[PDB]
């Protein structure tokens, strides 16, 4: 039973020569099912270390990193925990690198009339957000927008990662690093108003907010990025988190 008939013979032949059997077993290196569809909202904890995530007009699906052409072409800077912490501390020196992060805070603080310094200090209390921003940044040529929303359950903030365009591809290494670096956070991929988004919420090295606040004040952001954040916050105010 259970297709025992067709395998009986081959197993019988292989019993005589074990080495051949070992070679045959080792031969099966290529996976027949490259991709597997998923449904939004999709939680990243349900991925495996070598899984990539694609959200496009052709649908939502997980991929096997080794076989993924986008993953091999991409092959994506350093993402060490120490490196992430180093970025977080040297944030004031590389304030230009994190415009997408900080300008968001500016716009948010303006939108709801409130002191920017307090918001900044509060969010600097949650370094994992800056971690996600750093990881997803890569080198800098690709920059996802960032929104921050008050978390009713735990207080503090949760992160909206805003992907550009109608297509999004999350490298396996990036998902693995995101999950491992932020163990106190859960990540859920979703879509809202024609925009693919990655929500980071709380599941269960100190910096001075003042110096950063003064510098931001001293620096004029791009303009339009600011407007972009106005539009984005306008769009996502009604978006219900999963």
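Numbering follows the first chain given and starts at 1.
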Select one of none, 1 to 3, 4 to 9, or 10 or more to describe the deposited residues without coordinates separating residue 76 and residue 77. 1 to 3
Can you count the deposited residues that have no coordinates between residue 204 and residue 205 and report it as none, 1 to 3, 4 to 9, or 10 or more? 4 to 9
Output the stretch having the higher mean C-alpha B factor in the entry; the candidates are 131 to 139 and 161 to 169. 131 to 139
What stretch has the higher average Cα B-factor here, 32 to 40 or 210 to 218? 210 to 218
By the entry's C-alpha temperature factors, tell me which of 92, 146, 86, 116 sits highest. 86
Ranked by Cα temperature factor within the chain, is residue 51 in the lowest third, the middle third or the highest third? lowest
Could you place residue 177 in the lowest, middle or highest third of its chain by Cα temperature factor, using the values in the record? middle
Per the entry's values, where does residue 156 land by CA temperature factor relative to the rest of its chain, in the lowest, middle or highest third? lowest
Lowest, middle or highest third: which one holds residue 190 when the chain's residues are ordered by CA B-factor from the entry? lowest
